Every structure is written in C-alpha cells, then in structure tokens.
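Asks: Got an experimental structure here, sequence first:
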Amino acid sequence: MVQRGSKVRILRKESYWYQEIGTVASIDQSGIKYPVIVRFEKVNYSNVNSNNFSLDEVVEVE
Amino acid sequence: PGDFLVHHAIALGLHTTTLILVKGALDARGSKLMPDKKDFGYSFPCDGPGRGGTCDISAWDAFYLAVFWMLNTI
Amino acid sequence: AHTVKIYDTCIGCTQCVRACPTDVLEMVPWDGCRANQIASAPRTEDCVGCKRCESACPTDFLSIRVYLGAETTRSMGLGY
Amino acid sequence: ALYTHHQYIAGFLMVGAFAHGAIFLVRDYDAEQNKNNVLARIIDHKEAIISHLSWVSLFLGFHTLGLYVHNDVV
Amino acid sequence: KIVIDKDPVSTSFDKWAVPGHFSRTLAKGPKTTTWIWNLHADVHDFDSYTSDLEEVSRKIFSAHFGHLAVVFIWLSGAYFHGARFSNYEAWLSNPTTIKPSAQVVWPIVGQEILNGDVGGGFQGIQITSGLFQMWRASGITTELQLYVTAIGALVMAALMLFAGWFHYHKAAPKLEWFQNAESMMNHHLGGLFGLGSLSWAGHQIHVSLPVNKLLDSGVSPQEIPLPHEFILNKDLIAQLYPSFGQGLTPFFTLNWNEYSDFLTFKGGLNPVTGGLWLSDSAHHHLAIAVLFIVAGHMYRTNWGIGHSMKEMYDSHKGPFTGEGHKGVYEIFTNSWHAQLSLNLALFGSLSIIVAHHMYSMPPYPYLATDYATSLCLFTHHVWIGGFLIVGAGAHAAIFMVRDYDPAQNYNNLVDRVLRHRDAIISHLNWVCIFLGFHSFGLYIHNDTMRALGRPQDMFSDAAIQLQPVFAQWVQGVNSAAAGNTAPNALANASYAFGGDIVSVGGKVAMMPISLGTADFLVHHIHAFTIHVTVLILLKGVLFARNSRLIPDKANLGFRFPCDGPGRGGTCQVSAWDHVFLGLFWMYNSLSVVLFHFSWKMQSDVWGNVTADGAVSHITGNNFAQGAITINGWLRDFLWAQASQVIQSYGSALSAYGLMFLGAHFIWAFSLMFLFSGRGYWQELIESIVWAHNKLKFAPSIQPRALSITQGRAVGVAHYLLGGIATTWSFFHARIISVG
Amino acid sequence: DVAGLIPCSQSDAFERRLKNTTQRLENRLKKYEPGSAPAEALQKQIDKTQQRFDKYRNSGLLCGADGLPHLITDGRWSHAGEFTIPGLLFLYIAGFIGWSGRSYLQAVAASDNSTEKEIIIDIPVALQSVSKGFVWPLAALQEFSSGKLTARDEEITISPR
Amino acid sequence: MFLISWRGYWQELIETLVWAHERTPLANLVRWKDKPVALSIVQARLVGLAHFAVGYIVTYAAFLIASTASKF
Amino acid sequence: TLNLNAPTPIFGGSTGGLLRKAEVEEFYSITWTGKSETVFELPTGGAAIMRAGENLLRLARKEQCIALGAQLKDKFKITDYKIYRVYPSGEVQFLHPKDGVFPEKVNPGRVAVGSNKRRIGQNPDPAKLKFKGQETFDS
Ligand code: CLA
Ligand code: CLA
Ligand code: CLA
Ligand code: CLA
Ligand SMILES: CC1=C(/C=C/C(C)=C/C=C/C(C)=C/C=C/C=C(C)/C=C/C=C(C)/C=C/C2=C(C)CCCC2(C)C)C(C)(C)CCC1
Ligand code: SF4
Ligand code: SF4
Ligand code: SF4
C-alpha cells in the first residue's frame, strides 16, 4: 500500500515520466480509478508536474 | 592529405545518414513526445501545436531529412 | 471524418470541451462514481482535426485523442 | 557518368532500405511475438544506441570541419 | 501642459538578479530550457506584459534615449578611429589615389596582411563607409578635430543615457503629454527639422564652404585657415565670394540677390571633385529651413490657431469611402504599433531614395569617382530600407491583432479595407502572377532563343524590342529642364538623365545611365518582386484577425506557430509567419536591385575615361546583349565578377574571401532549420538527455526543442546573414579590385 | 620515411616557400620609408616567418613535394609530438571541463532549487565543484568501481516501444 | 518554396482566388468539379524534396558531363 | 425553429462571406438577442451592430457560428445564442446548444459515444490487426 509523501517509480510506459522518481501528493480515498496523484521534480512537455496514477502503477522505493 | 579529410567527411556523412534513419526507425513506435506514434502509421502530418510543437515527428519525416543528407554524401 | 476517442483517464476537468472550435465534444455523466464526468464525441463528423482539444487535457498523456481519418468538405473548413 | 550514376542510386537504395524497414516497425513488428530475440533486445536499449550514434556524428563533424577552416584561414 | 510623476521607480541593482522581473510567468523561474528563449524574445515587447497605456509609453520614451546613446557611442567610434587609426590627414593631400583606411589590425597570428599597402604612410583595412568624404565635406582639415568630436560625441552619448534615466526613473511624463501629437509635430518640424538644416546651413556657409572652396583650388590642408578664423577675421572670408563685406545688411533689407555668390543654384557636379556644389546645399538647407519652420506653425496648440488633426480627418470623407478618416486620428494616439508601422515604412522607403539620390547626385567631394564607396552606400541603405519595410509590415499586423478596435472603427477606412480584403489580395494575386510571367518568363524566353541559337527570336535591342518609352520620355524631360522650366539652374538636376560626362582624376563621376530593352526587362522584375513582398506583407496585415479558414486568428495572438494539421493543415497561418515569409522575398527583392545596380554601373556608367575623351567602362557594355538572359546574368555578372573574391587569398582582400565562404556556410546552416521541424529534434534530446541522466549529472533545467517559431526565426536570421554577407563580401572584393 | 616525405631540413620543397614569402614582403617594403611605422611591420613580419621556419627545420618535420609538413598518426614515438602529446594535453583539460559541470550539477541538484542555480553560477558551489574536477582522472576511476558514476536502466527514463 | 513556406499561407491565399473566380462574370458560368484546396502537409515535404532532389542531380549531371567533354 | 427571415444586422459589405457553396450545399445561421446597440467584429470583416432582435446572420461554416458565440459571451455577456444549420440545402437545425443547456456543462441523459475504456498504450498493436477490419483505436 502506498501512502502520501512517498517516492515512487513509474511503470506507466505510455508516459513521459516513465521509470522516474515521483514524490506523491495525495490518494483519493474513494473508488475513482487511477487515484495516485504523483508530483514530480521534472516537468513534462505541456507543463504539468503532477498526474493521476494507479495504485498498481506506483512503487515503494524508500 | 586531401584524401584523408574527405574520407572522414564521407564517413561523417555515412554515420549521420544512418543515424537519422535509425532514430526514425527505432523511435517509430514511440517516444516521449509521442508515445502512441505507432497508432497513426508511418506517415502523418504531425500532432498539433500542443506538447511544445510536433512538426516533423513522423518516421516518414525522419526519412525525409535523411534524404537531404544522402544527396550531400554522394 | 476524423475519429475522436476518449480514454478512461479523464478527470472531468472540462478543459477539452471548452477548447473545441466547432463544438464536437461534450461532457457526459460518468457511472464509476456518479459524481465525475467524462468527455464524449457525439459530433465527430464536424471534427477538423485542429487538435486544440488535446492541448487542453491536463493529464500526463491525453484522455482524448484525435486520429486523422477520411477528409470531407466540413472537416477541411471550406467556405466554398 | 558511370561512377556518379551508380553511386547516387546506391544512396537512394540504402535510404529506401531503412524506409521500408521503418514501415515494418510500425505496421508489422509485434512485440508480443518478439520477446528476448536479437531484434527486441536491441530496441530495449534504443536510447543508448541513438545517443552513441549522435556522438560519433558530432565528433567527426566538429573536428574535420574544424581542420578545413583552420587550413582555410592560414 | 507638462505633467510628471517624480521617481516612480528608484535606482536598484536588486532587480538585475531576477530576469523576467518585468513579466508575470517568467518572474518565477525556468523549468525547461525554452524559458531562456521564452525570455529573450519578449523582453522589449512592452505591451505583452504591461497593461498600462501610460506606463508602457514611459518605457519607450526612455529606451529611445538609450538608443540615442548607442548611436552616439558608435558615432564617436567612427570619429575616434578617424583620427588615430586613419590615413585621413594624408588623404586630404591626395584624394585620388590613396584609399580611405581605418580599423587597423593588430600584429598577431596572420591578420597583419589585412593591413595592406593602402597608401600615404599607412597600413590598414581599406574602408568604404565614406566618412572621409563626409569629413572632407564637413570641413575637417586637422586630425585634432576628429578627436574632439569623439569625446564631444561621448559626452552626448553619456548625456543621452542619463536623460533616459532622468525621464523614467526620475521624472516620468504622463499620457496626456504623450498624446499631444499636434504640438509634437510643431516642434519636430520646427525644432528638429527646421533648425536642423538651418544650423547645418549655419555650419556649411561659415565653415564648410570656405575650406572646401579652397581645396578645389587645393592650396594645402595645412595652409587652409582654421574654421573659427572665418568668423573672427572679416577680411579673410570676404576674399572669396565677397558678400560678407556687406554683412547681414542685404539679408535685412530684403535685397537677397546680393548673396548670388555662396547661396546659389549652380546645380551640376563640381568638376574638380565630382560632388554637388556645396554652395547649392547651403541654399538647399536654407530653403529647407524656411520650408520646415513654416511647416511647424501649422498644428494647433494652446494659442487657439492651427489645424487640429481630429478636425481634418473628419470632413475628409467621400461617397466611395463612407466615414472616411473618422477615428484614424484616434488610432495614432492610442497605439504605438500603428505608429511604428507607418513610421517604419516611410523610413525605409526614405533610405532607398537616399541610395538613389546619392549615386546620381553625388553629394560629397571624391565620393563619386571612388567606386569603392559610391556603390556601398547605395547597397547599404537599400538593405536597411527593405528591412524597415518588413518591420513596417510586422507592426501593422501587430496593430490588427492587439490594438485594432471594431467598436470605434465602424464604416470608416480600416473597416472598408477589411470589408473588401479579398478584392485587394486577389487582384494583387493576379498582378503578381502577371508580372512574373511577363518579366521573368521574358528571360526564360530569352534563355531558350539563345540556347537554340535563334537571336532573332529573343527580346533584345537587335531583336524584338521592348522599349521603355515612359522611362525615356521622363529621362528626356528631366534632362532638358535646365533653362526651359528650371532657368536659374546652370546644368541639370543630375548628369544621370542627360548631358555630358564628367571626370575626376581619370575616372567618371557621372554619365547618363541609358535605358534600353535590357533595362526595361529588369525594371519589371523589380516591379514583380516588390508586388509579391507587398502581397505577403499585405495579406498578413489584413487577415491578421480572422479569415474564412480561422474565425479567431485574433485570439491566438500575433506569433503562434500553427493551428495544427486541421483543415488539411494550418501550418504558418499567423501574421508573424507572413513577416517571416516576406523576409526572404525582401531578400529576393533587394538582392536583384543590387544586382541590377552594381552591374549597370560597371558596364555602362563607371569606368576609366581617356584623355582623348571617350570612356572604356569596367565590364565593357555587356549589359545590353548579355543581361537579357540568365546565362549572361550567371556568366558575365556572377561567375565573372567573383573572380577577384575567390582569388583574394594571400592579399589584403583575404578576409573578404573567407567571409564569401563564411557566409556560404551560414546560409547552408539556415536550410537545416527551415527544412526541418520541431518533433524530430525534440526526440533527439530524449535519447541524449537519457545519456546525460545515464552518468548522473543531468541538468535540473530539462532540455526541450526550440519552439517552431524560434525554429522558423533562426532559419531566416541565418538565411539573411548567410545571404547578405555573401553579397557584402562579393561587392567589397569586386569593387576594391577593379575600382 | 613513413609515407614518402623527406625530413624537410634537406628539402627543396619547404625552402621554395621562404623566398616567395620574403620576396612578396620586400616588394611590399621597397617603396616605404626605412624609418616608418609600417616598415617595422614588414621587417618584423619576415622575422615572424623566419622564427617559424627555423622551428620547423629542427623539429624533424616530414615535408612532401609541396613543402607542407604532413602529420602521421599511427602514433609512433618518432612522430609522437605531432598528435599524441597535444592529444594528452587536450584530454586532461577536457575532463576538467568534463568533471566541473559534472561535480556542479551533482552539487546543485542536491539542494533546494537547482533550476535557478543553472542561471546563477554559484562561486560557493563552482569553486567547490572544480575542486572535485581537479582529481578527475582519479575520481572517476573510484566512481565507476563504486558504481556511483552510472545508474541502472530503470532509473533512466525510457521512451516507449 | 514548398519546404520553407507551409500550408496555412497558401490555403488562405487559395480562398481569395476561389472568391475571385466565383465573383467574375464570364467565368462564373463555369465551375470546378473538384473544390481547390492547398497541398497537404506531408505532400509539400514530398513535392519539395522531389524538386530539391531532381535539381541536385540535373545540376550535377549537366556540369559533370560538360566540364569533361571540353578538356578530357 | 429558424424564423427566417429574422432581421439581419445593418451591415452592407464583406467580399468575404457566404459564396456559391451556400447556394449548392449547406449554409449556416446563428440566432441571438442583442441587449444593446453595440458593435462586434464579424468573422468576415468587422462590424455589424447588435439590434434589439431577433438577430440572425447567415455565416459560412460551423466554426464561425461557434467562434462568434465564444466572442459574444465574453465581450457582451450574452449567453442566449442559438445556432442553426439550414433547411433544404442543409442537414440539422439547432446544432448548438444541442441539449438546450451548454454542452460544456454536464447534464443527465447524454450518450458516451467514442469512449475507449483503456489507456492509449493499452490500445492493440497494428501488428495484431493485420488484414483485420477492426480499427486499432476503436473498442
Ligand atoms: C525497389 C523497391 C521498392 C518498392 C516495391 C517500393 C514500394 C512502395 N513504397 Mg518505397 N522506397 C523505395 C523502394 C521501393 N518502394 C526507395 C528506393 C525509397 C527511397 C526513395 C523508398 C521510400 C519510401 C517511403 C518513405 C514510402 C514508400 C512507400 C511505398 C509504397 C507506395 C509508394 C507510392 O505510391 O507513393 C507515391 C509515389 C510517388 C510520389 C513517386 C513519384 C515520385 C517521382 C518518381 C519523382 C520523380 C520526379 C519527376 C517526376 C521527374 C520528372 C523528370 C525530370 C528528370 C525532369 C509502395 C509499397 C510509402 C508507403 O507508405 O509504403 C507503405 C512511403 O511512405 N517508399
Ligand atoms: C524601428 C525600430 C523597431 C522597434 C522598436 C521594434 C520593436 C519590436 N519589434 Mg519589430 N521589427 C523591426 C523594427 C522595430 N521593431 C524591423 C526592422 C523588423 C524586420 C526584421 C521588425 C520585425 C519584427 C518581427 C517579425 C517581430 C518584431 C517584434 C518587435 C517587438 C519585440 C521585439 C523584441 O523584444 O526583440 C528582442 C531582441 C531580439 C530577440 C534579438 C535577437 C536577434 C535578432 C533576431 C537578429 C539580430 C541579428 C544581428 C543584428 C545580426 C548580427 C549577427 C551577430 C550578432 C552574430 C518590439 C515591439 C516581435 C513582436 O512580437 O511584436 C509584438 C516580432 O515577432 N519586429
Ligand atoms: C529635405 C530633404 C533634405 C535633402 C535632400 C538633404 C540633402 C543633403 N543633406 Mg541635409 N538635412 C536635412 C534635409 C535635407 N538634406 C534635414 C531636415 C536635416 C536635419 C535632420 C539635415 C541635416 C544634414 C546634415 C548634418 C548633413 C546633411 C547633408 C546633406 C547632403 C548629403 C546627402 C544626403 O543627406 O542624402 C539625401 C537625403 C534624402 C534624399 C532624404 C531626405 C530626408 C528628409 C527628412 C526628407 C524630408 C521630406 C521632404 C519634405 C519630402 C521629400 C521626400 C523624399 C523625396 C526625400 C545632401 C545635399 C550632409 C552634407 O552637408 O553634405 C555636404 C551633412 O553633413 N543634412
Ligand atoms: C526559383 C524558385 C522559385 C519559383 C520559380 C517560385 C515561383 C513563385 N513563387 Mg515562390 N518562393 C520561393 C521560390 C520560388 N518561387 C522560395 C524559395 C520561397 C520561400 C521564401 C517562396 C515563397 C513564396 C511566397 C511567400 C509566395 C511565392 C509566390 C510565387 C509565385 C509568384 C507569381 C508568379 O510569378 O507566377 C508566374 C510563375 C513564374 C514566373 C514561374 C516560372 C514560370 C515560367 C517562366 C513559365 C513556364 C514555362 C512553361 C509554360 C512551363 C510548363 C512546360 C510544360 C507544361 C511542357 C511563383 C509561382 C507568391 C504567390 O503565389 O503569388 C500569387 C507568393 O505569395 N513564393
Ligand atoms: C573487405 C575485405 C574483408 C572484410 C570484409 C568484411 C568483414 C566486411 C564487413 C562488412 C559488413 C559488416 C557489412 C555491413 C553492412 C550492413 C548493412 C547493409 C546494414 C544494413 C542494415 C539495415 C538495413 C538495418 C535496418 C533495420 C533496422 C535498424 C531495424 C529492423 C529492420 C531493419 C533490418 C531494416 C576481408 C576481411 C574479407 C579481407 C579483405 C577484403
Ligand atoms: S507545427 Fe506545423 S506541421 Fe507541426 S502539427 Fe503544427 S501545423 Fe502541423
Ligand atoms: S478529456 Fe482531458 S480535458 Fe476532457 S475531461 Fe478528460 S482530462 Fe479533462
Ligand atoms: S480536433 Fe479540433 S475540432 Fe476536433 S474535437 Fe479536437 S479541438 Fe475540436
């Protein structure tokens, strides 16, 4: 289980941040899919820093 | 001496020409700027002004730049 | 006409719908939570493929995707 | 005439060879039937090969052009 | 009324550490590497961030003072280098053989052959800017005078830069002071333009006219008295043109004909020097003085009388124009961009007139026959002149997106131009294509009939003639005007229309430039490429807000790269891309004007005259039967006259031959940016920033590609730099050798 | 005697440059004053060609039939000063430019906000960063053996396939 | 021309030509069967490159042959 | 219902609008009510005047009747506009707002046409649909 304030790696292979370190922001503790809001140090192409990931998509490098 | 420099220019040309073609081919299925590139086929105009701009992002466009290098090498 | 697909990563932000210059997209009620909304493309026959929509989705990799298809008088924006 | 004609054709064929190869990668290459063979092992480290290929072009060009301009001024 | 805010912003070095402090989104920090290019574009784009029409104007009023400073620094750089590192004092002894030289090279790794055997006792680079003939015209005899000007400019350089501080950081004016255009025209015509030529008349009579009349006799540069001695000594000046013994007393009883000796209407070329008679230019600037001073008492101020421009534009309206100029005064007080476009057009177009009126009426002594310089002030001011017109097309489009208002402008002339903008462009489109067929296609016809060996079928003088009868009737009636319609002129306005030749030294100052079938053929190419450069630039201004294709091009901004591949593709729909496109066409428009000019003079006009009386020109009258085809344009102009620029190695021209290759390099480099796009070069960063992440040293500012417009802008900026500096090097190392 | 060039201390090829350098400039110097300021720029100039040629006669250069010293990089120690010793001079400075930014961008990225610190070049970090770049032929050898020079290929961002 | 100037510029120009045709008598009478539109984005790259390539060869072919056939 | 003819705004101009396509296939129209006498830039050139109205203007395409509304609602605060696409030579009247409410807002009863229940890398490969008529991006 992943809680807020953790450092992750990325298995979403369709992303820009794929296999990069993200420090998460929040989990939506209701049933809406892809709830892991992961802030990153690096910014993407279209200038966003955070993204919804799945709990099956984030890791626990800690 | 003249033959030395030119022989390295042709080498420079042969390395640069294959580079353009290989980058186009190995990134054809996808890259960070366009992860789902393979879904649009070999040749498409671009992907709009979003994500910074994507003109000349297709593998066909990659071949196209390498053609210029081919005339230059020969 | 162009094909406009909406993937399940939509966060119901409504940015896309308000970006379309020909009103091809709309937000519709989602049933996975009955509180959020997902975009839909009921009028893809009017999509010109300008891609203004995809430039409005905030998610790291698009929830709405435009795959250029068969061209028509409407999609080419001809006033003539 | 004989050297130029056949040399220009050779440049076209080789660039064309990579062009039809790129079409294969987008429309025919299946990763789900190509796992750990010689092919799929290469494009695993696809960013490494291109980055090295980028250097060789940069390396060759900077110095060879540099010598010509050096020679040119003097 | 003069209303001021006192010190709105003080003197702080603290904002110098934050770049982008002027803006909003860039006073936060970079996250990609485009933020540098996002910064460095919109620095001096003052209404991009500022919303305050008064505060955006106070920045512009300050920054002009700084631009006034940097010319004064650059002027002093000409004036300083004119004394120490020039052969100027030696050149006044002998103006015919010694070439004007400045910018001496330091004795280092091999550039000390650029200090060639130029003349005098001197070694330097032969310059072609004409400061020597501008200082010989100004009356400069000693080299001390060039020194004190430079410090005299440098203190004005410092005084201008302090004044930009004084009027923004100390005393900022308000918008009601700025909007007083009528009082501004009164002074700028009165003070700047009226007393401009009057003060130069005040210079040229008391200073330039004595010491340049003596140097026509040519006693000595040392034996000419100093310029202040012609005001002190009353007898010394009245030896020559002796009206100064009568003093100002004929000027004050309205008996002005007593100054028929220095304030004259000679009107030719001074045959010893080949330049305009400085007596005439004294009378010129005196007539310009009174004409501009009475031009400056015209507009309304706080003394009741005058013409007010909001009253004049109203009731200039006709039945084919509706409201006429209603509100057009309200544009040019409310929009800097509308002002800059009109200020730029008549500033570049003015300079092309300067280039035309300086080779046919050479103003300066020993500038005419010095072919190194009389060419290079044509082609420079032409080149400046085209860049300002493209800037005139740019800020005209910027007015349309951001400043134009359809609320005020109902049914008036910007409304009725925008409401028929297809009829303008499509008739302009036709006359572009009509001109390309009937000018350029007359060369392709002429190429083939020479290639097929049918010179009875080409368009030539000994063939199907295309005679310029309008430009020969105009050249006739202007050459037969001294005595019929201009009686008090001794000779004509110039010797370029008609008359005898003139020689200085052994070289021709001026001779009648003749216009035959080959001159008709090139003058329509100029008319073609100007109409296309109009067509690109006019369409950018007119369709800047909307079109049939996009109805909200005004919302997407002036400078946006495309609207995507929709509607078949909308790459380069913006007004900025029209200015980007017109830049090459202005490169094409002007470079053929120079190719017309620099070839017509060498074959027909310039050359060496015998002491028998006839002239053998340089490239030998080949412009008649050679200039009608492209192969003659390629062989007998481009291939033949570049024989001296690539054979420049080992001589003092060898820096030009490097640049003639060096500009061939950059021009090729620009093709990489115009022919490519962003989404290729972005994904080569992704493999390379992989490799810089691979060895654990990756930059926190992540690299991205250049923006598409910046890919476009660097593609044109290296194109022009590669193309003009080729022509800059070709024109130099041609005419320095054969002239 | 490796590619068909005489050691050009004995060559008639390298010497047929010296006369038409010094005769071009003496014919540029003949019409001057012997006490002029360009004259010392044309007397010292031939001396600048004179120190150059008497540096080349002694160094053992291989000059062809043209009189141009050609270079031989197969690197033998008989011709090692041509390329190899200016090669080692290059690479030792190149890693000093190599490791300085490498040690800087490790030292500012391990801080709060390094995105500003690419704009501002921090002398509290940059003089600290060249101090790590001076031991660069020794530091990187114990950085690869300790593994902290590179990273594994799931740390480095991978474009999709 | 095709490689440097892109579609948008031309498509907007073409619309003014379409307008002009539809509003000029003795021409109105006739009509196109296919509506005119600017070349596509990819097409222009292809057409531009093809011109660039043909010119490259025909310039070098003309030069190579003629240069040798006078001096050998 | 179009109410043709509704009184057009007093204009007189524009070479750039409603040419021969409108008299062979599918022209457009937009209806709104002007709450002043203010002036606005048309997609053709710029001015008309907003009437009291009943304000109709036969524009060229769909994009111009949508971009007018995004210009009307911001500048003149009028969100009553009711676009059309015509009778006999056109296809569907009342193209926007299709629900009566603005379709940037969400509303019960709409249909989710063109939804893919996946991610985009989770689309099938075009190597997997070789000589198969199933679209790669389609469910
Ligand atoms: C020899 C084997 C071979 C075969 C069987 C093919 C076959 C094909 N190729 Mg491939 N290819 C080849 C070699 C081959 N090519 C070479 C040598 C190159 C490099 C030049 C390429 C690069 C390439 C690319 C990038 C693409 C193809 C594509 C195609 C497909 C469609 C081509 C088409 O109709 O586009 C239209 C054809 C043209 C526009 C050709 C006309 C151009 C003319 C010949 C230029 C001549 C200029 C002018 C007319 C000369 C006038 C005279 C002058 C001298 C004065 C077809 C399957 C396309 C595809 O999608 O495959 C699925 C595709 O995108 N080819
Ligand atoms: C009469 C003086 C004048 C003034 C005050 C302006 C002012 C402006 N112009 Mg305008 N314009 C002018 C003349 C002028 N222009 C001319 C002569 C041209 C033709 C080139 C233009 C064409 C033009 C375009 C196309 C655009 C502007 C824009 C602007 C605005 C921002 C520009 C900026 O901040 O650049 C900051 C300075 C730079 C970015 C310098 C970069 C280097 C430049 C590109 C080339 C320099 C080459 C160099 C001199 C050659 C030597 C090479 C060597 C140094 C290596 C600003 C209002 C921009 C705008 O958006 O307005 C709203 C814009 O897009 N101008
Ligand atoms: C009225 C136009 C006009 C003309 C034709 C001249 C002509 C001349 N000036 Mg003078 N001058 C003028 C006004 C003019 N002046 C004004 C207003 C000032 C104050 C800014 C000066 C300050 C001045 C100085 C300090 C010097 C000269 C010098 C000269 C001579 C050198 C060549 C040259 O400048 O290019 C010719 C320029 C043009 C053809 C463009 C004219 C630009 C003005 C602003 C046009 C005004 C518009 C006018 C009402 C309509 C004409 C439109 C178009 C046909 C020009 C030449 C006789 C130099 C000299 O003494 O040589 C011996 C010199 O050192 N001038
Ligand atoms: C030399 C290369 C070249 C040529 C020939 C053209 C040609 C043209 N440009 Mg282009 N342009 C070029 C380079 C070139 N451009 C480049 C490099 C750029 C990038 C900056 C552009 C950017 C540009 C823009 C922005 C615009 C143009 C426009 C035009 C057209 C202008 C009107 C005209 O003259 O029609 C007449 C055509 C000619 C003179 C072409 C030569 C025709 C020959 C002489 C006759 C044909 C012989 C024979 C009958 C041919 C068929 C034989 C066969 C059937 C047997 C013309 C077709 C403009 C336009 O479209 O305006 C309407 C325009 O706005 N161009
Ligand atoms: C001379 C000689 C010799 C040698 C030989 C050799 C060893 C050679 C080599 C050679 C080689 C070694 C060759 C190579 C070449 C190759 C090429 C030809 C390439 C191509 C490739 C390609 C084309 C690729 C591409 C692709 C990709 C990338 C992906 C997938 C697909 C494809 C496959 C398409 C000897 C010793 C006997 C002796 C003496 C003589
Ligand atoms: S940048 Fe140009 S080529 Fe690329 S998608 Fe946008 S409009 Fe098309
Ligand atoms: S498609 Fe994009 S803009 Fe629309 S709701 Fe989903 S995430 Fe938001
Ligand atoms: S491609 Fe353009 S028109 Fe089509 S839905 Fe997206 S934004 Fe709207």
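Replies: That came through, no problem. Numbers count the residues shown, from 1 in each chain, chains lettered A, B, ... in the order given. Ligands and ions are numbered 1, 2, ... in the order given.
Asks: ok, which stretches of the chain are strands?
Replies: No chain was given, so I picked chain A. Here chain A has its strands, by DSSP state E, at A:7-8, A:22-27, A:36-40, A:50-53.
Asks: was after chain H, sorry
Replies: In chain H, the strands defined using DSSP E lie at H:28-32, H:55-57, H:82-85, H:115-116.
Asks: re earlier: Throw the strands of chain A into TSV and include distance to residue H:46 and mean neighbour count, thanks.
Replies: (Each C-beta comes from the backbone N, C-alpha and C, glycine too.) Formatted as TSV, the strands of chain A follow (distance: least, C-beta to C-beta, whole Å; neighbours: other C-beta atoms under 10 Å in any protein chain shown):
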stretch	distance to residue H:46	mean neighbour count
strand A:7-8	53	18
strand A:22-27	46	17
strand A:36-40	45	19
strand A:50-53	42	22
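Asks: nearest to residue E:116, of these?
Replies: With C-beta to C-beta as the measure, strand A:36-40 is the member of the strands of chain A nearest residue E:116 (62.2 Å).
Asks: Pull the number of nearby residues for whatever residue of chain H ends up closest to ligand 1.
Replies: Per C-beta to the nearest ligand atom, residue H:126 is where chain H lies closest to ligand 1, at 12.1 Å. For residue H:126, the neighbour count with other C-beta atoms under 10 Å in any protein chain shown is 20.
Asks: my guess is it contacts residue D:29, does it?
Replies: No: Residue H:126 is not in contact with residue D:29 according to C-beta atoms under 8 Å; the separation is 9.3 Å.
Asks: Any chance of JSON lines for the strands of chain A, columns distance to residue E:426?
Replies: Below are these laid out as JSON lines (distance: least, C-beta to C-beta, whole Å):
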{"stretch": "strand A:7-8", "distance to residue E:426": "60"}
{"stretch": "strand A:22-27", "distance to residue E:426": "56"}
{"stretch": "strand A:36-40", "distance to residue E:426": "52"}
{"stretch": "strand A:50-53", "distance to residue E:426": "50"}
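Asks: what would those look like in CSV with distance to ligand 4?
Replies: Putting the strands of chain A into CSV (distance: least, C-beta to the nearest ligand atom, whole Å) gives the following:
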stretch, distance to ligand 4
strand A:7-8, 49
strand A:22-27, 45
strand A:36-40, 42
strand A:50-53, 41
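Asks: Kindly state which of the ones you listed is positioned closest to residue H:30.
Replies: strand A:50-53 (38.2 Å).
Asks: residue contacts, the residue lying closest to residue H:10 once chain neighbours are set aside?
Replies: Excluding the flanking residues, the one nearest residue H:10 by C-beta to C-beta, 6 or more residues apart in numbering or on different chains is residue H:49, at 5.8 Å. Shown in contact with residue H:49 (C-beta atoms under 8 Å, 6 or more residues apart in numbering or on different chains): E:410, H:9-10, H:37-39.
Asks: Is it possible to mark the buried ones in these?
Replies: E:410, H:9, H:39 (16 or more other C-beta atoms under 10 Å in any protein chain shown).
Asks: Distance to residue C:68 added to the residues you listed, as CSV?
Replies: Shown next, in CSV, are those (distance: C-beta to C-beta, whole Å):
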residue, distance to residue C:68
E:410, 41
H:9, 37
H:39, 38
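Asks: what would the residues you listed look like in TSV with distance to ligand 3?
Replies: Output for the buried ones among the contacts of residue H:49, formatted as TSV (distance: C-beta to the nearest ligand atom, whole Å):
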residue	distance to ligand 3
E:410	34
H:9	44
H:39	38
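Asks: how far away is residue H:25 from ligand 6?
Replies: As judged by C-beta to the nearest ligand atom, to the nearest Å, residue H:25 and ligand 6 stand 28 Å apart.
Asks: mind checking the backbone torsions on that residue?
Replies: Main-chain torsions, residue H:25, degrees, to the nearest 10: phi -150, psi 130.
Asks: Tell me how many other residues surround the residue of chain H found nearest ligand 8.
Replies: Ligand 8 sits closest to residue H:63 of chain H, with a gap of 8.1 Å, by C-beta to the nearest ligand atom. By the other C-beta under 10 Å criterion, the neighbourhood of residue H:63 contains 28 residues.
Asks: Including mean neighbour count and distance to residue E:174, could the strands of chain H go into CSV?
Replies: Formatted as CSV, those follow (neighbours: other C-beta atoms under 10 Å in any protein chain shown; distance: least, C-beta to C-beta, whole Å):
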stretch, mean neighbour count, distance to residue E:174
strand H:28-32, 21, 41
strand H:55-57, 21, 41
strand H:82-85, 22, 46
strand H:115-116, 19, 59
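Asks: Please convert the ones you listed to CSV, extending it with distance to chain F.
Replies: Formatted as CSV, the strands of chain H follow (distance: least, C-beta to the nearest C-beta, whole Å):
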stretch, distance to chain F
strand H:28-32, 42
strand H:55-57, 48
strand H:82-85, 41
strand H:115-116, 18
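Asks: With distance to ligand 4 as added columns, please give these in TSV.
Replies: Output for these, formatted as TSV (distance: least, C-beta to the nearest ligand atom, whole Å):
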stretch	distance to ligand 4
strand H:28-32	30
strand H:55-57	31
strand H:82-85	34
strand H:115-116	41
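Asks: give the contact list for the residue of chain H closest to ligand 8.
Replies: Contacts of residue H:63 by C-beta under 8 Å, 6+ apart are C:21-22, C:48, C:77, E:550-551.
Asks: And for residue E:684?
Replies: B:23, D:50, D:54.
Asks: circling back: can you tell me which of the buried ones among the contacts of residue H:49 comes closest to chain A?
Replies: residue H:39 (37.0 Å; C-beta to the nearest C-beta).
Asks: pretty sure the closest one is touching residue E:407, no?
Replies: Yes: applying C-beta under 8 Å, one finds residue H:39 in contact with residue E:407, separated by 4.9 Å.
Asks: residues touching the residue of chain D found nearest chain C, list them.
Replies: Nearest residue of chain D to chain C: residue D:26, at 13.9 Å (C-beta to the nearest C-beta). By C-beta under 8 Å, 6+ apart, the contact list for residue D:26 reads B:28-29, B:37-38, B:41-42, B:59, H:126.
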